[PDB]
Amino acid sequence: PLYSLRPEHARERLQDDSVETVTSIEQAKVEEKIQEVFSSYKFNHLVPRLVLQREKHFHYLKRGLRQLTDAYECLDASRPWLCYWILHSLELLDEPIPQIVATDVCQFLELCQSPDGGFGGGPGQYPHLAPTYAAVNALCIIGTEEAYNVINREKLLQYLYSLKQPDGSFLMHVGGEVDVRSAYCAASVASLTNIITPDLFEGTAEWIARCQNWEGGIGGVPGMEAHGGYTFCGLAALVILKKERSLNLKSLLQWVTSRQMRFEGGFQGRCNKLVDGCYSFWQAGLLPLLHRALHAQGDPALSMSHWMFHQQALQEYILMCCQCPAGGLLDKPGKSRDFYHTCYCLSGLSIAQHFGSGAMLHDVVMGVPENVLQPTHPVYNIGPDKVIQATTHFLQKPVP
């Protein structure tokens, strides 16, 4: 019954027009490998078994939360990301985190925090907004009085304020540049910690809104090509600020939906590019957001059981083509595993298997019923419970 294994699915293969270019050549090679992957069952005379290697993944994750090989030196300035990706993956798999590791993670994020606010990529590194978002996310996942407490709110707002630009944008860090990605980071920490003052995000929705181009998606900066990672950041940030309507939602829905690979089943980050497991979150994650936005406009034609993407086809991509047998997920077959791709492939899969839009709930889970993951919040990419818990907690505190 697998949608990607149906013989008809072959008619959904790169329809090159007998004119080759780097783009079609490349696309046809991924298409050929993915095909080998789908045909592996028939060629070997077995009935497909879509099973998510929980145990394997948990191994990788449990371990990495503690020690990494020198192969992660290129992430020496991204330690807090290491935490989020891993803690998030874990919560996604339902694996609990023992209070001592929680306290440990808690204490390291501490060493990562600047006395002037925000978090650095490592102990003693300067504060940047990405590690700031990752660290705050990481803490809200633990969600213990201890975690919450690490975050120094009066300085977090001081720091955010020193990044804010007049045009509505935000610096990724003192002396650095702006991009939609930073607006989201700041909206996110500012939201979860109840630090949003009345002028903090003034001009931000308008600035994010001008990064939407002719494609319908959002560029990293005004004038840039439509990009999934940025699009997610733009729409997400706008949902926090409650200004989604600032965008051309109609052209954005058309653009996301068109980023699904009719063959591979997963999502590319840019039109005319290649599939990539992580875009399972970045792009498919835009569907529940668009949904929430259109719903708030009393849109009556919305579905009440499914996202506006082939949940099935995407789940088959993650399950069949994105798991490394040693544990951990990946971009695509032939690529090495990494915690980033573990985090987002999982994040995406959870999104693809869970629908909810009020009281209307509806799962759809390919392969073995154990493949169900814990739901993920589409704005923050942390567990819905983790969001409610954190905001209730922080709301009980006065905005600096």
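Numbering starts at 1 and follows the sequence shown. Take the two forms, superpose them, and find the largest set of C-alpha atoms that agree within 1.5 Å; that set is the rigid core.
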Original post:
Looking at C-alpha RMS in 9 other deposited structures of this protein with the core superposed, is it 327-335 or 36-44 that drifts more?
Top reply: 36-44
**OP:** Taking the mean of the C-alpha B-factors per stretch from the entry, tell me the winner out of 46-54 and 335-343.
**Re:** 46-54
Subject >> Greater mean Cα temperature factor according to the PDB record, 213-221 or 158-166 >> reply: 158-166
Original post:
Which one of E202, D76, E264, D299 shows the top CA temperature factor in the record?
Top reply: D299
Original post:
Of the choices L65, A28, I351, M360, which one's C-alpha carries the largest B-factor in the record?
Top reply: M360
**OP:** Place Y148 in the lowest, middle or highest third of its chain's C-alpha B-factors, as listed in the PDB entry.
**Re:** highest
Subject >> Chain third (lowest, middle, highest) by recorded CA B-factor, residue given as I86 >> reply: lowest
**OP:** Could you tell me which third, lowest, middle or highest, the C-alpha B-factor of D276 occupies within its chain?
**Re:** lowest
Original post:
Taking the entry's C-alpha B-factors for this chain, is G121 in the lowest, middle or highest third?
Top reply: lowest
Original post:
Relative to the other modelled residues in the chain, which third contains the C-alpha temperature factor of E177: lowest, middle or highest?
Top reply: middle
